[PDB]
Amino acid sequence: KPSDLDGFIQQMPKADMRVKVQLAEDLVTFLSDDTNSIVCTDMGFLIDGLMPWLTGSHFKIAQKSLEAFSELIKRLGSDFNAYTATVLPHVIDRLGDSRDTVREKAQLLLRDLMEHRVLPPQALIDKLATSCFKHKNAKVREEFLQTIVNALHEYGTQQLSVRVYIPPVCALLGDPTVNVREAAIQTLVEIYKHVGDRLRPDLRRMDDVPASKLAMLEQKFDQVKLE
């Protein structure tokens, strides 16, 4: 139905489950088309409106809110950073969502924040680290390691310094969950690709890392070296 942002904003609060999903789908469609305008009364009103969707129990609508935020990030760029502190904590929680597509759109929102320069890659990863390394949900801990990997692969050591990340990633080698232990391994391997052999003595000083895992990690690095 709605023809502009103000129209979406007005109809969001009242809307019943029925039209709520259609509204979500159309909102995303609207924001995706760069021939559509994001003129409205107050952008904060749209942000506030998306919040119950994002923090909600319907995951289709949550996912669309993430997609909606991605579109605002793309249009707003650094201007979006006014809303980062409000949105980020719930996007983090969605990294742990049971539905694979929800985690995807959440990870994509995170990449969009960096690609569209809402904040520098180091700023975002550091901020995530605060909430993610010790999150109660193993899927968040695992997803966050992947966020680090993707950010490194996309931006390289020019914008992302992972030296200070080695000890917390190493701590995850002893995670109570096997999926995380294995993710932590692969993350160090991915970091090796960027950082090179200086990582080896770095890990050797990590009295955390058992010799058996140091050895296993070194085998994996050697294997990478055979490019």
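The numbering used is simple: start at 1 and walk along the sequence shown.
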Stretch with the greater mean C-alpha B-factor as recorded in the entry, comparing 111-119 against 97-105 = 97-105
ask   = Once you work out the mean C-alpha B-factor for both 171-179 and 53-61 from the entry, which is higher?
value = 53-61
query = From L217, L203, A211, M17, pick the one with the largest CA B-factor in the entry?
reply = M17
ask   = Of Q186, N36, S161, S70, which one's C-alpha B factor is largest in the deposited record?
value = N36
message = Is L76 in the lowest, middle or highest third of its chain when residues are ranked by C-alpha B-factor?
response = middle
message = Based on the deposited C-alpha B factors for this chain, I'd like to know if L124 is in the lowest, middle or highest third.
response = lowest
key: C40 - which third its CA temperature factor falls in, relative to the rest of the chain   = highest
inquiry  = Considering every modelled residue of the chain and its Cα B-factor in the PDB entry, is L31 in the lowest, middle or highest third?
reply    = middle
query = With respect to C-alpha B-factor, does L88 fall in the lowest, middle or highest third of the chain as deposited?
reply = middle
